[PDB]
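Below is coords.pdb, holding PDB, C-alpha atoms.
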```pdb
MODEL        1
ATOM      1  CA  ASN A   1      -5.390 -11.076 199.559
ATOM      2  CA  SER A   2      -5.916  -7.866 197.555
ATOM      3  CA  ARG A   3      -2.629  -6.037 198.355
ATOM      4  CA  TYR A   4      -0.492  -8.999 197.187
ATOM      5  CA  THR A   5      -2.381  -9.247 193.845
ATOM      6  CA  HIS A   6      -1.937  -5.503 193.369
ATOM      7  CA  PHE A   7       1.874  -5.885 194.003
ATOM      8  CA  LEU A   8       1.986  -8.509 191.216
ATOM      9  CA  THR A   9       0.096  -6.251 188.761
ATOM     10  CA  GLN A  10       2.387  -3.230 189.366
ATOM     11  CA  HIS A  11       5.717  -5.045 189.900
ATOM     12  CA  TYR A  12       5.885  -8.608 188.424
ATOM     13  CA  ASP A  13       6.468  -9.709 184.792
ATOM     14  CA  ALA A  14       7.511 -13.374 184.570
ATOM     15  CA  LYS A  15       9.247 -13.669 181.205
ATOM     16  CA  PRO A  16       9.835 -10.408 179.291
ATOM     17  CA  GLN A  17      11.206 -10.330 175.729
ATOM     18  CA  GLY A  18      13.411  -7.322 174.961
ATOM     19  CA  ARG A  19      13.729  -5.000 177.911
ATOM     20  CA  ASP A  20      14.102  -1.784 175.878
ATOM     21  CA  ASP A  21      12.322   1.623 175.969
ATOM     22  CA  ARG A  22       9.402   0.276 173.940
ATOM     23  CA  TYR A  23       8.897  -2.591 176.432
ATOM     24  CA  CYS A  24       8.484  -0.005 179.208
ATOM     25  CA  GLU A  25       6.069   2.200 177.221
ATOM     26  CA  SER A  26       3.895  -0.764 176.367
ATOM     27  CA  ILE A  27       3.781  -2.607 179.745
ATOM     28  CA  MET A  28       3.035   0.649 181.621
ATOM     29  CA  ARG A  29      -0.101   1.139 179.438
ATOM     30  CA  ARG A  30      -1.032  -2.541 179.682
ATOM     31  CA  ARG A  31      -0.906  -2.532 183.493
ATOM     32  CA  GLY A  32      -2.956   0.679 183.849
ATOM     33  CA  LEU A  33      -0.176   2.913 185.149
ATOM     34  CA  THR A  34      -0.494   5.927 182.801
ATOM     35  CA  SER A  35      -3.181   8.287 184.147
ATOM     36  CA  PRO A  36      -1.313   9.913 185.521
ATOM     37  CA  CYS A  37       2.117   8.599 184.336
ATOM     38  CA  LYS A  38       4.150   7.100 187.218
ATOM     39  CA  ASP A  39       7.565   8.849 187.538
ATOM     40  CA  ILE A  40       9.384   5.495 187.976
ATOM     41  CA  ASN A  41       8.156   1.894 188.145
ATOM     42  CA  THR A  42      10.243  -1.285 188.504
ATOM     43  CA  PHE A  43       9.292  -4.780 187.332
ATOM     44  CA  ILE A  44      10.795  -7.978 188.795
ATOM     45  CA  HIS A  45      11.292 -11.050 186.523
ATOM     46  CA  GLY A  46      11.648 -14.760 187.203
ATOM     47  CA  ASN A  47      10.084 -17.141 189.701
ATOM     48  CA  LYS A  48       7.024 -16.091 191.716
ATOM     49  CA  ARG A  49       8.005 -18.454 194.592
ATOM     50  CA  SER A  50      11.437 -16.816 195.152
ATOM     51  CA  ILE A  51       9.649 -13.455 195.578
ATOM     52  CA  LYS A  52       7.212 -14.739 198.248
ATOM     53  CA  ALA A  53      10.189 -16.363 200.024
ATOM     54  CA  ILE A  54      11.688 -12.928 200.824
ATOM     55  CA  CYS A  55       9.069 -12.797 203.567
ATOM     56  CA  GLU A  56      10.626 -15.787 205.393
ATOM     57  CA  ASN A  57      14.183 -16.545 206.597
ATOM     58  CA  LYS A  58      14.628 -18.702 203.471
ATOM     59  CA  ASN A  59      15.254 -15.723 201.156
ATOM     60  CA  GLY A  60      15.280 -12.537 203.285
ATOM     61  CA  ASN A  61      16.784 -10.474 206.139
ATOM     62  CA  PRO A  62      15.179  -7.680 208.225
ATOM     63  CA  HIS A  63      15.939  -4.269 206.721
ATOM     64  CA  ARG A  64      15.752  -0.721 208.140
ATOM     65  CA  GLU A  65      12.545   0.095 210.020
ATOM     66  CA  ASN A  66       9.829  -2.208 208.705
ATOM     67  CA  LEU A  67      11.237  -3.793 205.499
ATOM     68  CA  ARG A  68      12.901  -7.010 204.233
ATOM     69  CA  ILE A  69      15.824  -7.374 201.770
ATOM     70  CA  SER A  70      16.270 -10.500 199.573
ATOM     71  CA  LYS A  71      19.248 -12.852 199.816
ATOM     72  CA  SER A  72      19.161 -13.802 196.105
ATOM     73  CA  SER A  73      19.521 -11.398 193.153
ATOM     74  CA  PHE A  74      16.702 -10.898 190.581
ATOM     75  CA  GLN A  75      16.502  -9.737 186.989
ATOM     76  CA  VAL A  76      14.712  -6.343 187.062
ATOM     77  CA  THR A  77      13.756  -3.511 184.656
ATOM     78  CA  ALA A  78      13.236   0.071 185.787
ATOM     79  CA  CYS A  79      11.003   2.285 183.621
ATOM     80  CA  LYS A  80      11.687   6.015 184.193
ATOM     81  CA  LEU A  81       9.460   8.842 182.901
ATOM     82  CA  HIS A  82      11.114  11.078 180.298
ATOM     83  CA  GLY A  83       9.859  14.652 180.016
ATOM     84  CA  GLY A  84       7.787  17.189 181.929
ATOM     85  CA  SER A  85       4.142  16.088 181.676
ATOM     86  CA  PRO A  86       2.487  13.553 184.010
ATOM     87  CA  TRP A  87      -0.299  13.029 181.398
ATOM     88  CA  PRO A  88      -0.269  10.663 178.369
ATOM     89  CA  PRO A  89       1.464  10.075 176.129
ATOM     90  CA  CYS A  90       4.024   8.779 178.662
ATOM     91  CA  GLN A  91       7.559   8.320 177.211
ATOM     92  CA  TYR A  92       9.756   5.895 179.228
ATOM     93  CA  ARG A  93      13.444   4.933 179.273
ATOM     94  CA  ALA A  94      14.346   1.377 180.334
ATOM     95  CA  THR A  95      17.222   0.273 182.566
ATOM     96  CA  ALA A  96      17.805  -3.460 182.956
ATOM     97  CA  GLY A  97      19.538  -4.716 186.118
ATOM     98  CA  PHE A  98      20.440  -7.688 188.324
ATOM     99  CA  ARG A  99      20.505  -7.266 192.184
ATOM    100  CA  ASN A 100      18.659  -8.026 195.456
ATOM    101  CA  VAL A 101      15.311  -6.275 196.151
ATOM    102  CA  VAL A 102      13.614  -4.567 199.120
ATOM    103  CA  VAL A 103       9.933  -5.283 199.985
ATOM    104  CA  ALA A 104       7.404  -4.873 202.796
ATOM    105  CA  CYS A 105       5.608  -8.061 203.875
ATOM    106  CA  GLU A 106       2.158  -8.532 205.447
ATOM    107  CA  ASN A 107       0.775 -11.893 206.624
ATOM    108  CA  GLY A 108       3.552 -13.729 204.723
ATOM    109  CA  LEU A 109       3.133 -11.907 201.387
ATOM    110  CA  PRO A 110       4.930  -8.994 199.652
ATOM    111  CA  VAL A 111       2.610  -5.952 199.524
ATOM    112  CA  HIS A 112       5.053  -3.100 198.728
ATOM    113  CA  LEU A 113       8.257  -2.524 196.725
ATOM    114  CA  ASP A 114      10.796   0.031 198.009
ATOM    115  CA  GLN A 115      11.937   1.815 194.857
ATOM    116  CA  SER A 116      14.547   4.074 196.440
ATOM    117  CA  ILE A 117      17.337   1.634 195.439
ATOM    118  CA  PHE A 118      16.543   2.085 191.702
ATOM    119  CA  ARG A 119      16.472   5.904 191.820
TER     120      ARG A 119
ENDMDL
END
```
What is this structure when it is put down as structure tokens?
Amino acid sequence: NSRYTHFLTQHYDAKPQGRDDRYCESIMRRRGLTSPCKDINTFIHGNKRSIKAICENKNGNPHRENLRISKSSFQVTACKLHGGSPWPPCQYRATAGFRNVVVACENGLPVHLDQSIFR
């Protein structure tokens, strides 16, 4: 369904090279996330099947009001907007990490990433 494919476009990058500032600047443009510039956007790396599994008891627990939190940790990169303007050119600073993630699930699929844990 459409919301799951959208989640993948905004939040999934299987095998990144360097996860530096330039990686952020370039993937944000590539994925169509720069008019206007998103203030922060996080990408998850690794196995697509582990991500889907957060929606079942296999790799997730219930979390807060309507969310799920993963049991396994993932490689992630947060891209944060540097500077005052929300209009291109968008300068980004990258922060690489390794921890569990929080999603919303609908009909068995992740449709939303909770980004409050990367702020």
For this session: Compare A:101, A:76, A:62, A:90 by their minimum atom-to-atom distance to residue A:35, counting all atoms listed in the file, and give me the closest one.
Result: A:90
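Residue nearest residue A:77 within the list A:93, A:6, A:58, A:30: A:93 [criterion: smallest interatomic distance, all atoms listed in the file].
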For this session: May I have the residues within 9 Å of residue A:22 as a PyMOL selection string, using all atoms listed in the file and disregarding those fewer than 6 positions away in the same chain?
Result: chain A and resi 91-94
For this session: Have a look at atom CA of residue A:88 and atom CA of residue A:33 and let me know their distance in Å, one decimal.
Result: 10.3 Å
Pick out the residues sitting within 7 Å of residue A:41, and hand them over as an mmCIF file with C-alpha atoms, keeping the file's coordinate frame; count only C-alpha atoms, and ignore anything fewer than 6 positions along from it in its own chain.
```
data_model
loop_
_atom_site.group_PDB
_atom_site.id
_atom_site.type_symbol
_atom_site.label_atom_id
_atom_site.label_comp_id
_atom_site.auth_asym_id
_atom_site.auth_seq_id
_atom_site.Cartn_x
_atom_site.Cartn_y
_atom_site.Cartn_z
ATOM 1 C CA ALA A 78 13.236 0.071 185.787
ATOM 2 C CA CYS A 79 11.003 2.285 183.621
ATOM 3 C CA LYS A 80 11.687 6.015 184.193
#
```
Exercise. At most 10 Å from (8.4, -9.4, 206.1), file frame, all atoms listed in the file: which residues, as a list in words?
Worked result: residues 52, 53, 54, 55, 56, 57, 60, 61, 62, 63, 66, 67, 68, 69, 102, 103, 104, 105, 106, 107, 108, 109, 110 and 111 of chain A
Restrict the selected residues to C-alpha atoms and save them as a short mmCIF file (atom, residue, chain, number, x, y, z; two decimals), in the frame of the given file.
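Result saved to out-v8.cif:
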```cif
data_model
loop_
_atom_site.label_atom_id
_atom_site.label_comp_id
_atom_site.auth_asym_id
_atom_site.auth_seq_id
_atom_site.Cartn_x
_atom_site.Cartn_y
_atom_site.Cartn_z
CA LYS A 52 7.21 -14.74 198.25
CA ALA A 53 10.19 -16.36 200.02
CA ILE A 54 11.69 -12.93 200.82
CA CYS A 55 9.07 -12.80 203.57
CA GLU A 56 10.63 -15.79 205.39
CA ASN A 57 14.18 -16.55 206.60
CA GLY A 60 15.28 -12.54 203.28
CA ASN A 61 16.78 -10.47 206.14
CA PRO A 62 15.18 -7.68 208.22
CA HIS A 63 15.94 -4.27 206.72
CA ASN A 66 9.83 -2.21 208.70
CA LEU A 67 11.24 -3.79 205.50
CA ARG A 68 12.90 -7.01 204.23
CA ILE A 69 15.82 -7.37 201.77
CA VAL A 102 13.61 -4.57 199.12
CA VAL A 103 9.93 -5.28 199.98
CA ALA A 104 7.40 -4.87 202.80
CA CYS A 105 5.61 -8.06 203.88
CA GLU A 106 2.16 -8.53 205.45
CA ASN A 107 0.78 -11.89 206.62
CA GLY A 108 3.55 -13.73 204.72
CA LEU A 109 3.13 -11.91 201.39
CA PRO A 110 4.93 -8.99 199.65
CA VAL A 111 2.61 -5.95 199.52
#
```
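Distance check against residue A:14 using only C-alpha atoms: of A:82, A:45, A:31, A:38, the minimum falls on A:45.
The point (15.6, -2.3, 177.9) has these residues within 6 Å of it, counting all atoms listed in the file: residues 19, 20, 21, 94, 95 and 96 of chain A.
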For this session: Determine the nearest neighbour of residue A:113 from the options A:10, A:75, A:85, A:18, counting all atoms listed in the file.
Result: A:10
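Going from atom CA of residue A:89 over to atom CA of residue A:44, you cover 23.9 Å.
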For this session: In Å, rounded to a single decimal, give me how far atom CA of residue A:43 is from atom CA of residue A:27.
Result: 9.6 Å
Seminar exercise, completed: For residue A:5, the closest of A:48, A:99, A:25, A:119 counting all atoms listed in the file is A:48
